[PDB]
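Q: here's my sequence, what's the structure:
(9 chains, ligands or ions: 5)
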Amino acid sequence: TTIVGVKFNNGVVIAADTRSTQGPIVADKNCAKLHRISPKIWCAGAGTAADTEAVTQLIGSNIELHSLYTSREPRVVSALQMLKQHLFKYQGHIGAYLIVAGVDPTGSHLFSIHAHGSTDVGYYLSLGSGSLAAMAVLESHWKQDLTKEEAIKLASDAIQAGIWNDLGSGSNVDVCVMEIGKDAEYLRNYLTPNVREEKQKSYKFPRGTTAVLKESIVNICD
Amino acid sequence: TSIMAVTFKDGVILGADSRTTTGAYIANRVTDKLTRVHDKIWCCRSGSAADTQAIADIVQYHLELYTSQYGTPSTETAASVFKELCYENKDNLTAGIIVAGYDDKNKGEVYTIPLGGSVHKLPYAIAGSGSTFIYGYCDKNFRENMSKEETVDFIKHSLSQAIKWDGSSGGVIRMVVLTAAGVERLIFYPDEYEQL
Amino acid sequence: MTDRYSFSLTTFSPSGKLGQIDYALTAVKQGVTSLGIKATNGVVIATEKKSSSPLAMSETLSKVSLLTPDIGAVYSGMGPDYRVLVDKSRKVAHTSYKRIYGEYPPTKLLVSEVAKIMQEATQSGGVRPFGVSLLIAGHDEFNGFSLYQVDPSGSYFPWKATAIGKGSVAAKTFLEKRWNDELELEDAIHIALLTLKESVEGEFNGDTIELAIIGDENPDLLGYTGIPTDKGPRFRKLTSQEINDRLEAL
Amino acid sequence: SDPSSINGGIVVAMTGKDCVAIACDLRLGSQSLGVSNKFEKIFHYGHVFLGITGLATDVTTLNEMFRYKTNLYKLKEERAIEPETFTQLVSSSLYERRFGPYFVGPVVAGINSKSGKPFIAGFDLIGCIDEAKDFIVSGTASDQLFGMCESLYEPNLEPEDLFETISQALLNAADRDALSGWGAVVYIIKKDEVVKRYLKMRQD
Amino acid sequence: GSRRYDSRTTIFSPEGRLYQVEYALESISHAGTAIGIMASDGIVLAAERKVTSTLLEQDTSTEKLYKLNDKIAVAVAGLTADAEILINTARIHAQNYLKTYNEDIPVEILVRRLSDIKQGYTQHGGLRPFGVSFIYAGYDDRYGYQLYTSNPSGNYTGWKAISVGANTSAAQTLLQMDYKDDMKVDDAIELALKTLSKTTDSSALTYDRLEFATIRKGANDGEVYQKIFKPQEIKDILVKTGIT
Amino acid sequence: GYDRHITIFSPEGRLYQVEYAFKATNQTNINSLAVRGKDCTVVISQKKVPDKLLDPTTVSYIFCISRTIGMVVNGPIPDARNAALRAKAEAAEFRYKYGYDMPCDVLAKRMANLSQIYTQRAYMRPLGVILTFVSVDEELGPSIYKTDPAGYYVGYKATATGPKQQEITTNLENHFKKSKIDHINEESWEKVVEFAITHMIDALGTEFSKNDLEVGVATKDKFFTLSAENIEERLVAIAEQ
Amino acid sequence: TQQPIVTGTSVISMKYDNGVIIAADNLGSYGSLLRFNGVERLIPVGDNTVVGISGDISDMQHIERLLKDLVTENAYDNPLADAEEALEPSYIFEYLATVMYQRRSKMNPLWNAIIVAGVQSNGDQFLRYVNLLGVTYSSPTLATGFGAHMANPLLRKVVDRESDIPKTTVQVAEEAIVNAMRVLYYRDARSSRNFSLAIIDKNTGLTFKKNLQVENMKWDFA
Amino acid sequence: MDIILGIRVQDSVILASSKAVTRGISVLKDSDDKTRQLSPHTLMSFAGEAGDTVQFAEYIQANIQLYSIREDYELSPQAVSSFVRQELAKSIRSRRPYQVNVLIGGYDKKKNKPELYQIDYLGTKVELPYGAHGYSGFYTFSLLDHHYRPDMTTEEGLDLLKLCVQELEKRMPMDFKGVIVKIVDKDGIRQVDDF
Amino acid sequence: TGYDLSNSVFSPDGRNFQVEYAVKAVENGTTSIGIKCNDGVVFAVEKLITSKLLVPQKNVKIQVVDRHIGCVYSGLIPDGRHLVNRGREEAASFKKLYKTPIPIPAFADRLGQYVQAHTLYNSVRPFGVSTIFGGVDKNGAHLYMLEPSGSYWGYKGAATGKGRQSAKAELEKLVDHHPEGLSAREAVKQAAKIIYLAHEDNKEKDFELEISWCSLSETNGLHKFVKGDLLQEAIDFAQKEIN
Ligand SMILES: [Cl-]
Ligand SMILES: [Mg+2]
Ligand SMILES: [Mg+2]
Ligand SMILES: [Mg+2]
Ligand SMILES: [Mg+2]
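A: Residues are numbered from 1 along each chain as shown, chains lettered A, B, ... in the order given. Ligands and ions are numbered 1, 2, ... in the order given. Okay, here it is:
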């Protein structure tokens, strides 16, 4: 996995690649690593895939209940506090590594969380096996006072670094833009630079090729 | 990490580098290891980032609840709460914390809490992997009742050396000044401190 | 110390009545009128905002509450009892459904869970029943729009339209004359406002009336864009201004 | 003593034009010893089909568990569970055993009866949902199945053509795995008819 | 202490009766009548809804007849909320048996366990009993078609035909009169409706105040089908027997 | 009639123990008042020290719940302190769990929920207190939220509590009819305190020395109580106008 | 199961005709790092007992708090707290001994070696040892760690058996203790020059000497 | 423990189980019956860890007998096998699992059909025409793959079983002291005394 | 009615009659007082000599909490001991977590909340004691009085028991005549006088005087009993004033 987060003028943007692996095998060539905790708070997750999904859903559920209880829009620091205390309690056995970002009444925010329970703050962050390729780009091209379109470019460039240079990362680039005063804008497959070329041959078989021993109609009705 | 806290005439100053580590990769080069547990009681964190954060969060909660009932806690009280957590959970923790605060009665005070969870009140304290390299320097250069400018220079020079030799230390030198006047945050960049 | 009340406080009397449930329904009768009407393309729930003092800000006290994005609730009876039921109802929609199936419960099943909570206050040790009747309006893909009433006993019934509380007897009769199976949502809002004016005595405007609908999806109220399948909440609370607009063509 | 490769077996699912296919082998063994050649790994609850590979005791247990849960679902909901919803139920149930998991590789397949859309999904032993337009693979010959599917598959195949593609994917994958084979079953699923075919394959 | 406010729900009267059970039965006698009739080729369940309002949604409604599994259903008389607590327990119990033995639960076993739960509330715990009486209608391959009833005491018995709720005395006499053993389902449908029509406290029996269900082997070959009647289907069966 | 001893319904659907807890509220014979400025929220309460042997500095019904939230109680001091300690604990836990300061209205709801439980559960009696929470919320601004033994709560433009609450309530109503606004249009909190004391004097018809009053003020980022000399300074300013 | 972090080295002691002497240096070691120099490892309990502790310092500070609490608890509802019902050395020891053996039996020991020195109410000398294992013993001379190997042989030349105790004065005894401390500074790699010494006499009472230094050292001979 | 076999023929299920009980370098007994009658038409053989085997067998026996008395009815072989599987499926994730492998031979009186189930300690159930647990299967399965026909008589099944025991007595390393053979059919369970 | 049969039940007035009944048990008890002074507090109590067979000086009633707090009470003596046992637990856990000895106001609320808790349920009985207590902390001297309802305040002087009104009147005179402050040694003498004057309300059996004190200068901020020469001196001062 390669995942990043970048702050700009009036908000924050996060991005991720779309490759899912089991060992050296690519299981999913277009999985979605960008998760929704609340409408305007989004998570990017690396590590154990089921752990990132489950921990993002649990805290997302509790955040919704909290928002309804308090009659307030949820804050990023609340999601941050809940995730970190949950992960710490399990002493790293829940392998979730997250970049948390979003906007709320307090402003725009960007954090990261490690499996053992530590949190980080930054203007630019990167997590996952392709984080070193991404961080190299971020350290080279980041500056103070980025615009929206500059931050998207920087974020997706950092993800591309991972896609090309990290074997754990590949396929496409997903992006989510969270700007203050506006709806969060999720850009699924914002970039698709890894389309499979036309195959040389059709492997459609003549009908009857496969030997059959028995046929029978299966009853699905009551 | 390299961290320290030093008492002086007008109060106490805390100091720290900004490097966070996962093996030889610097996970964060602009870390804030100086943490507020109360208005004028702060701590320096060394060891596990996750453990020290969870401890500091619990302490901050305890002192906020203390303040609600009994008013401003003493620096000694804050250190006792850190100790209680570190001592009773010694098997499951990797945390070396320095506690520093300003009273008006007691002025500046520094308590250091090593791995085992023991407490030690000192005029100044050094801790973290980089501290090993400055025991000699600090012992030779520390004086009691220094001025603000002198104490800033003492910490700046000390952490400069710790950063120079320890690979686990680096980035910026952050400091937090605790006096009757209030709370002042200082930052010092490589281009200044490296050529001291 | 400790709760020594491990026995039932609601028991059968010789005549077969359950006293505390009957008395809870009496508390509901005293409560301010609330109603619900089901249209072909939506549902409306409404009630009067009885202010305790003119110095009180009645906007801070919400009688109509969102339970899920497609389900809303209103009540008649004891406010505090309703408030905690909404808290519990919101939570049970997550714990016993959304955290299992990854989607919100259909109206009938959420209603069933609230009913269970209210039944247990009728049989468990050392508690009185809840002193409220609920009207729950909602939508789900396979059942469409629906409207349910939940009583202190835990019983629930589906309604085309109904009222509960102070002037429910007259309000139900009014709704029987006006309701047909071809009503559009705007027609149902109109009838809701007409029915409520009969039971309200003092001021009758957007500040003294609380009214919400279950209708079309509201993409503008979702808070984000990019997922085609997510189209927004069907629950919407009408504003003070939106009510007054409809009170002119009344 | 690796729980996921004691008994052996494989499952594969594919999508076509207004149809889905799900197939599995019949082998159950104890490491080298083949014990049963009748052990089917595909089950169904209404119109939703579930295939499960891995430790056979857990395959049996989970089938019994999801029959249990879908039966209660239908009684309360008064409708058959849909593939998208069942997928979420499988995920929840597996993650509930996060630190003591069922050693399985389940695969959901079916057609949503409301929208008519073909749906497939896969999971790891711990609940992670893997959704796919094209195909899902599972079992001791998953590497082989990934290779066969990636090369043989094309979009929008007709039910009769899709049968040939999925069958040839399973058969040739199974023959390169010692712990898979010993017979095979393919389910072709249309909006309101399901055909089950047993394949002739080599018995070694 | 709290002794002062304890009703003592699980004690004996001087005559050896259980106060709370007796009073719960008194409650049930005011609930809408429910009838079960067992024929040689199926079972009928018929029940009267409690005084209906014209604005009640009749089609999407369930009050009297509930499905426990594909082979077993129940007719309810008493507090609905109480009944749903017990119905969910019964539904779970059926699934436990199926999960354990890979066979659908025999009717009596399900009936015994539900009745045993009711019994517990009369002997220990200091809680009020469930104000509910069930008619169980179901099929299994041991005894075929079966009717049972249970009440708040936790006592259950088997029947060829039985009523619960209001006017059981009058209803039972009428069933005892016209019932015979070689009866068919369609005859039992007629007997059920005729009995309710004569015992009802309403002016006239209409489709909107009834719930109806049959359990036949009238599917295709050696298998059982549950039919919970729709509003229009009750309207038609009421015309077909000439009640309306 | 054991339905009047515990919190179960009476035949007319009432809870007498809750109603009698409301009557305990006035047992101290003290009146409180709360108003909002542009930047602040002021709460004032009467201070009656009858015994000469009492240490007057320890006699208080205003509590500092958190740095931002203050709470004045109308009711007996044991129940008052019980409510205060719980509120302090709840506000502290909220900050620890959710990473931001507990809002005044949310704490009000939470304490109201706890009160509701005592009206439903038999073994717990209601507390004979009415809790008025004040703050300058970072989202909602100046805020007044009030809780009672029934578990009811609501926000207020301004409010009053005590035996002579109705006189103070109408006095405030009549002012807001005149001013046509939701608050005291004043820059400094000092003059909002002066307004609060002035309108309490008019409504109750009594004059106050520096030891007859107790004042709490909420501003952005802190709630604080006034000393006797702070109130005296405020009393002098009213007299010289 | 533990491992000691900050540690204290030898505690040495002996009986003389009228009472007991006990000593321990002021060092808190952190492995090979001689980290803390103001550490007091002799803790007086009342005016008739001194407890000397070696081993883990965090556990020492815990034992300090226990003894401090024991004095408080003994004073409760006790009009003779400063007379007939004052804490005896034998009571303080048996309490600590109980705690040490209970902790070892729960597989979570207090990582210490402890010597309780004092004078009983009847004038009798009290000197007894207890450690992390709960092992207890008494002797005319007692020492922990390196002291057991180097101090005991020297102190046993003065008091070799019971009958030698009446023949030994406080001047002779203190001289032997001070000499032993010098020898430990020569030969223990975790000793400091600075130390504390306490005398508990049946006539003159408790004399607590702080900031003592090892002096008159022989090096001039390389 | 060690050798347990099962063969289902036209009208009956035949179970063969070794008589030896060995501990260390001593055969402690040569007449051990590794079977329990669960119900009149259901028999269960067992092999595995010492102690665990008999403890589990008798525990299952007690439960099925309890069921029989409660309902005045005999559970089908399929139902008994499912109950046993679930008990082992629970057991495998316990603090100390039952290390027992079983074969269940029964005659279903409602279907008039013999049935043979093989269940291992993990709770892995399969219905089979012939079954074996442990190292026995490595010889008998291939042998039965060749000689077994589905329409054989009980006598033909016994001859087919003699062929299995002969092969095991020739090629197995350990002396298992012969087998006790039992037949399950429409008339219940009986033991062959001369094998 | 019946509102007074169960604890925690509100009467129609808004009163808890069971607590008011516990107050009657307190009024029945012997007299105890507390005097706040320049740099500390003084406690005194009346001990009725029921018989010649009572060993003098050996049935001690004043109790110490921690090392700096004194507690005395009137009413059911066992109930007072239970409260002090809790007070000692509360003070120990405070010192354990926070290091510093528990401040007097903090300690006062610990007892207050605990006593208040015994008015919340019908399964417990209210405390049958009013407790006068206090000591010296970082902010100087504090004197408190705690009642069965859980109600407590700070006091310049405090009194409870059968002779409370006599003692209160005598306390008010000291507050009026000494606006600048009373010294610790003076307050000990005055405490003796007031107990002797308050003994007029219990004069069948003669009594034994018991005094204790905490003072920053005189006792170094710790709780001590007044004995020997200082006690006899205080007794003589009291004897001279009654005649
Ligand atoms: Cl709550
Ligand atoms: Mg460096
Ligand atoms: Mg193969
Ligand atoms: Mg082979
Ligand atoms: Mg209550």
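
Q: neighbours of residue 204, how many?
A: Went with chain A since none was named. 13 (other Cβ atoms under 10 Å in any protein chain shown). From N, CA and C alone the C-beta is placed, and that goes for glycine too.

Q: my bad, chain C
A: 16.

Q: that one contacts residue C:243, doesn't it?
A: No - the pair residue C:204 / residue C:243 is not scored as a contact, 9.7 Å apart, by Cβ atoms under 8 Å.

Q: phi first, then psi, for residue I:237.
A: Per-residue torsions, residue I:237: phi -60, psi -40 (degrees, to the nearest 10).

Q: name the SS class of the nearest residue to it once chain neighbours are set aside, please.
A: Spatial nearest neighbour of residue I:237, excluding adjacent residues (Cβ to Cβ, 6 or more residues apart in numbering or on different chains): residue I:189 at 4.5 Å. Classification of residue I:189 by DSSP: H, G, I helix; E, B strand; the rest coil places it in helix.

Q: residue I:189: what's it in contact with?
A: By Cβ atoms under 8 Å, 6 or more residues apart in numbering or on different chains, the contact list for residue I:189 reads I:233-234, I:237-238.

Q: if any of those residues are buried, put those into a PyMOL selection.
A: Typed into PyMOL, the line below selects the buried ones among the contacts of residue I:189, using 16 or more other Cβ atoms under 10 Å in any protein chain shown:
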select buried, chain I and resi 234+237+238
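
Q: mind listing which of the contacts of residue I:189 are in helices?
A: Among those, the ones falling in helices (DSSP state H) are I:233-234, I:237-238.

Q: how about the helices in chain C?
A: C:19-30, C:79-93, C:99-101, C:107-120, C:168-178, C:185-199, C:240-248.

Q: in what helix or strand does residue G:51 lie?
A: strand G:49-56 (DSSP states H and E).

Q: give me the neighbour count for residue F:38.
A: For residue F:38, using other Cβ under 10 Å, the count is 14.

Q: confirm for me that it is in contact with residue F:187.
A: Yes - using Cβ under 8 Å, residue F:38 is in contact with residue F:187, at 6.8 Å.

Q: where along chain D do the helices fall?
A: Counting by DSSP H, the segments of chain D that form helices are D:56-77, D:83-95, D:142-152, D:159-174.

Q: looking at these, which is nearest to ligand 3?
A: Judged by Cβ to the ion, the one of the helices of chain D that comes nearest to ligand 3 is helix D:159-174, at 4.9 Å.

Q: contacting residues for residue H:47?
A: H:1-4, H:17, H:34, H:53, H:100-102, H:133-134.

Q: beta partners of it?
A: Per DSSP bridges, the residues bridged to residue H:47 are residue H:101.

Q: other SSEs contacting whatever helix or strand comes next after the strand holding residue G:51?
A: The C-terminal neighbour of strand G:49-56 among helices and strands, as given by DSSP H and E, is helix G:57-75. For helix G:57-75, the packing partners by 3 or more Cβ pairs under 8 Å, 6 or more residues apart in numbering or on different chains; DSSP states H and E come out as strand G:6-8, strand G:42-44, strand G:49-56, helix G:89-105, strand G:112-119, helix I:77-98.

Q: contacts for helix G:57-75?
A: B:87, B:90, B:116-119, G:4-8, G:28, G:36, G:39, G:41, G:43, G:45-46, G:51, G:53, G:81, G:85-87, G:92, G:95-96, G:99, G:110-112, G:114, I:64, I:66-67, I:92, I:96.

Q: and these, which of them are buried?
A: Using 16+ other Cβ under 10 Å, the buried members of those are B:87, B:90, B:116-119, G:4-8, G:28, G:36, G:39, G:41, G:43, G:45-46, G:51, G:53, G:81, G:86-87, G:92, G:96, G:99, G:110-112, G:114, I:64, I:66-67, I:92.

Q: ok, which stretches of chain I are strands?
A: Here chain I has its strands, by DSSP state E, at I:32-37, I:40-48, I:63-65, I:69-75, I:129-137, I:140-146, I:152-154, I:157-160, I:207-215, I:223-225.

Q: turn the ones you listed into CSV, including distance to residue E:78.
A: Output for those, formatted as CSV (distance: least, Cβ to Cβ, whole Å):
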stretch, distance to residue E:78
strand I:32-37, 63
strand I:40-48, 66
strand I:63-65, 60
strand I:69-75, 55
strand I:129-137, 54
strand I:140-146, 54
strand I:152-154, 54
strand I:157-160, 60
strand I:207-215, 70
strand I:223-225, 68
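
Q: ok, which of these comes nearest chain C?
A: Closest of the strands of chain I to chain C is strand I:129-137, at 18.9 Å (criterion: Cβ to the nearest Cβ).

Q: pull up the pairing partners for the top strand by length along chain E, direction included.
A: Ranked by number of residues, the top strand in chain E under DSSP E is strand E:132-140. If you go by DSSP bridges, strand E:132-140 pairs up with strand E:72-78 (antiparallel), strand E:144-150 (antiparallel).

Q: contacts only, for the residue in chain I that chain D sits nearest to.
A: For chain I and chain D, the shortest gap (Cβ to the nearest Cβ) falls at residue I:97, measuring 33.3 Å. Contact analysis of residue I:97 by Cβ under 8 Å, 6+ apart lists B:62, B:80-81, B:84.

Q: spit out the contact partners of the residue nearest to residue E:13 when sequence neighbours are not counted.
A: Nearest residue to residue E:13, sequence neighbours excluded (Cβ to Cβ, 6+ apart): residue E:19, at 5.8 Å. Going by Cβ under 8 Å, 6+ apart, residue E:19 touches E:9, E:11, E:13.
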